[PDB]
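In case you want the letters, here they are:
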Amino acid sequence: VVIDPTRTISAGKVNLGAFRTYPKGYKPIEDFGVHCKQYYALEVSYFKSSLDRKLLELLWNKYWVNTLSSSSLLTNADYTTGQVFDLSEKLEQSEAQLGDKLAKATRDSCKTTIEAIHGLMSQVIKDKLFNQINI
Amino acid sequence: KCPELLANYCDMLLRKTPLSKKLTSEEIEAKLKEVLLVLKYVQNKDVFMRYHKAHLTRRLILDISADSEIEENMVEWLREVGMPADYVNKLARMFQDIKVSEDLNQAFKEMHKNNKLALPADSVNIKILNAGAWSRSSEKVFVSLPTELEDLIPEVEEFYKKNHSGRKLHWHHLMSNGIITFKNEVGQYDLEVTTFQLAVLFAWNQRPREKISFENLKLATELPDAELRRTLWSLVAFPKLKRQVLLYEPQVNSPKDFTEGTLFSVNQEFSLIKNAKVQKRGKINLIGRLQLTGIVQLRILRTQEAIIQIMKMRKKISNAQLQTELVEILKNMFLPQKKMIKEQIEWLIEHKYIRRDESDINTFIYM
């Protein structure tokens, strides 16, 4: 596991990187370095218990102002555009394969659409709560 | 190792530095090449380089070189044998300055030939060399030059200002030489002396031989105290001399030190005779071989991991970028030099911690 403290602090997102390596002999992008063939990368995921989830939600509950004033989908526009671009590449790869990856593309598209509709729902709820009082 | 002694052998071959009159033919130059091979095999080349530079400066500033083509080819031979580039660049600059000085002296002699100065225009020679390569010290010492030379320095300064305005000439009295004429009774013999020796000899010239004390001589010559004593050592302890020109010492002692208030006086009837028989037209050279002009291992360990840190930060970098970042990081510590950084550079590349790019000679790659 390799992390970057300075970039994590400056940017605001963590730099967790989990790596396994290909053993010697098996031979079959400048950011990764010069030994990109010897070592590769892995995906990262997280979990938390039911008690941990309840405690984290109740602790984060003292963030109501930011909760109902964040107005997401206006801050993560670059992330969503990158996600859509990767969706297009994955869709092209799946179409080439058909000539499975289609399930992965469908799951990614579902995730992005769910995030977008969640942002729209929060915006609609805020508009209903604030802008529809006292005429 | 031998080092300096080996350099002495070069002084015996490339030019007639002193007792180097034993020259036979160009084959000796081939022997010099063998000496160069020794310089390749031996270590601690800094002392040898310094001695060679000092010998070259002594030979060129006095015009006593036996041959000129051999001296010019010596730079190329040393470069081929392997030596620091700074020494080669300094030697090339010195040779170019010596070449330009001949034209400058010819122009000065040809232009200023009506004012008549003090001496004839064919007896004064001017040699102006760049101070960034032909010298390292920057200390000025008064010599209280005689009235004869008091009208020649301003003329040279004016000519240099007129021709090459923008540069300041700082005269170096230690490397200057000249010939004076004595009238010591039986034989008038010419004597070759530097500026300080000339001033010391001319101090006791305004009142016949007479006798003067050390304090009076110091107050008259206005020399830099102890250095004046050294000049006296040249005029009282001349090696292989039957009779010194200034044959005095008062309370005997030695010319090294303990002068105290000795009353030195010139010998009017001094027996300064060549071959000890009739000094009718003799000539004596008194300059001789004068040529007047954080521990390391714990400190060198500082910078190598600094270079490796710069490399581990970013894989791709150029030479100039590496130098800039290195000197940016190491300002809090001692100020880096050029030789140390270069030494670390090939120490790193020889350990194969970095890769020299093939397409670009300056681009480096981390491992």
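Residues numbered from 1 in each chain as written, not as in the entry; some residues may be left out. Chains lettered and ligands numbered in written order. Part of a larger assembly, values for the part shown. Heavy atoms only, no water. Residues with missing side-chain atoms left out of burial classes, pairs and counts.

Per the deposited record, determination of this structure is attributed to cryo-EM, with the resolution reported as 3.52 Å.

> An account of the overall build of chain B is needed here, citing residue identities and associated values.
Secondary structure assignment for chain B yields 13 helices and six strands. Since a compact globule built from 367 residues should have a radius of gyration of about 21 Å, the 26 Å found for chain B marks it as more spread out than a globular shape. In terms of overall dimensions, chain B has a C-alpha envelope of 80 × 45 × 45 Å along the principal axes. (Helix = DSSP H or I, 4+ residues; strand = E, 2+ residues; numbered from the N terminus. Rg over C-alpha atoms; globule rule 2.2 N^0.38 Å.)

> Requested: an account of the overall build of chain A, with residues and values cited.
When you go through chain A residue by residue, the secondary structure sums to five helices and zero strands. Scaling as 2.2 N^0.38, a compact globule of 135 residues should have a C-alpha radius of gyration of about 14 Å, whereas chain A reaches 21 Å, well beyond that. With the C-alpha coordinates aligned to their principal axes, the bounding extent of chain A is approximately 75 × 40 × 30 Å. The burial tally for chain A puts 7% of its 135 residues in the buried class. Summed over all atoms, the accessible surface of chain A reaches about 12,100 Å², with 63% contributed by carbon and sulfur. (Buried < 20%, exposed > 50% of the residue type's maximum accessible area, 1.4 Å probe, protein only. Areas by Shrake-Rupley, 256 points an atom, 1.4 Å probe, with all protein chains shown as cover.)

> Tell me what's going on with the pattern of salt bridges, and back it up with residues and numbers.
Ionic pairing is found between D4 of chain A and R7 of chain A, a salt bridge with its closest N-O pair at 3.3 Å. The salt bridge involving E325 of chain B is made with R314 of chain B; its shortest N-O contact spans 3.1 Å. Here the residue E325 of chain B occupies a position in helix α12 (residues 319–329), and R314 of chain B occupies one in the loop between α11 (296–313) and β4 (316–317), the gap between them amounting to 11 residues. (Salt bridge = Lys/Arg side-chain N within 4 Å of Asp/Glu carboxyl O.)

> Kindly report on the sheet that holds β4 of chain B, identifying the contributing residues and their values.
Residues and elements named next belong to chain B. A sheet is described by the order of its strands in space; here three strands give the open sequence β4-β6-β5, paired in antiparallel fashion. Since the sheet does not close on itself, it has two edges, and those belong to β4 and β5 (354–356), each with one partner. Pairing geometry for β4 and strand β6 (residues 364–366), over two bridges, is antiparallel. Paired with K316 across the bridge in β6 is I365. (Pairing = 2+ DSSP bridges.)

> Explain the sheet that holds strand β1 (residues 177–181) of chain B residue by residue, including any values.
Strand pairs in the sheet, formed through backbone hydrogen bonds, run parallel or antiparallel to each other. Residues and elements named next belong to chain B. Overall, mixed pairing links the three strands, which are arranged β1-β2-β3 in an open sheet. This sheet does not close on itself; its edge strands, each paired only once, are β1 and β3 (283–285). Across the sheet, the axes of successive neighbouring strands diverge by a mean angle of 25°, strand direction being ignored. Of the pairings in the sheet, the one linking strand β2 (residues 190–194) to β3 comprises three bridges and is parallel in character. Within β3, the residue paired with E192 across the bridge is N285. (Axes fitted to C-alpha atoms, helices over the stretch in contact; angles between N-to-C directions.)

> Describe the packing of α11 of chain B against helix α13 (residues 338–350) of chain B, with residues and values.
Residues and elements named next belong to chain B. One can describe the packing of α11 onto α13 by two numbers: an axis separation of 10 Å at closest approach and a directional angle of 60°. On the basis of their axis angle, the class for α11 and α13 is oblique. Here α11 and α13 pass one another in a crossing that is right-handed. Contacts between α11 and α13 involve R299, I300, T303, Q304, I307 and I308 on the former and, on the latter, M340, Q344, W347 and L348. (Parallel < 35°, antiparallel > 145°, perpendicular 65-115°, else oblique. Left-handed = near helix turned anticlockwise from the far one by under 90°. Contact = heavy atoms within 4.5 Å.)

> Give me the packing of helix α4 (residues 77–98) of chain A against helix α5 (residues 101–130) of chain A: which residues, what numbers.
Helix packing geometry: the angle between the two helix axes and the distance between the axes. All names here are of chain A. It is at 9 Å that the axes of α4 and α5 come closest, and there the two elements cross at 160°. In terms of orientation, α4 lies roughly antiparallel with respect to α5. The interaxial crossing formed by α4 with α5 has left-handed handedness. Contacts between α4 and α5 involve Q83, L87, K90, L91, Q93, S94 and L98 on the former and, on the latter, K101, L102, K104, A105, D108, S109 and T112. The residue makeup of the contact of α4 with α5, split by class, is five nonpolar, five polar and four charged. (Nonpolar A, V, L, I, M, F, W, Y, C, P; charged D, E, K, R; others polar.)

> Could you give an account of the pairing of β2 of chain B, naming the residues involved and the relevant values?
Examined bridge by bridge, β1 of chain B and β2 of chain B share five bridges and lie antiparallel to one another. Within the sheet, the bridge partner assigned to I179 of chain B lies in β2 of chain B and is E192 of chain B.

> Outline the packing of aromatic side chains, supporting the account with residue identities and numerical values.
Seen in terms of ring centroids, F19 of chain A and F32 of chain A are 6.5 Å apart; in terms of plane orientation they differ by 85°. Their pairing is edge-to-face. Site record: aromatic cluster; members linked through ring pairs are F19, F32 and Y39 of chain A. Above the face of the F334 of chain B ring, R299 of chain B is positioned so that its terminal group lies 4.1 Å from the ring centre. (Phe/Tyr/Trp six-rings, centres within 6.5 Å; stacked < 30°, edge-to-face > 60°. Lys NZ or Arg CZ within 6 Å of the ring centre and 35° of its normal.)

> Lay out unusual backbone geometry in plain terms, naming residues and giving numbers.
All names here are of chain B. Backbone geometry at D63 places phi at a positive 55°, although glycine is not the residue there. In this structure, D225 is a non-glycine residue whose phi angle is positive, near 55°. Turning to its location among the elements, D225 is positioned in the loop between α9 (214–221) and α10 (226–236).

> Tell me about the environment of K27 of chain A, and name the residues and values.
Residue and element names in this part refer to chain A. Assignment of secondary structure puts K27 in the loop between α1 (5–11) and α2 (50–60). For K27 and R7, which are 20 residues apart along the polypeptide, the C-alpha to C-alpha distance reads 32 Å. Side-chain polar atoms of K27 contact the backbone oxygen of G25, separated by 3.0 Å. (Polar contact = N/O pair within 3.5 Å; in protein donor to acceptor, adjacent residues only side chain to side chain.)

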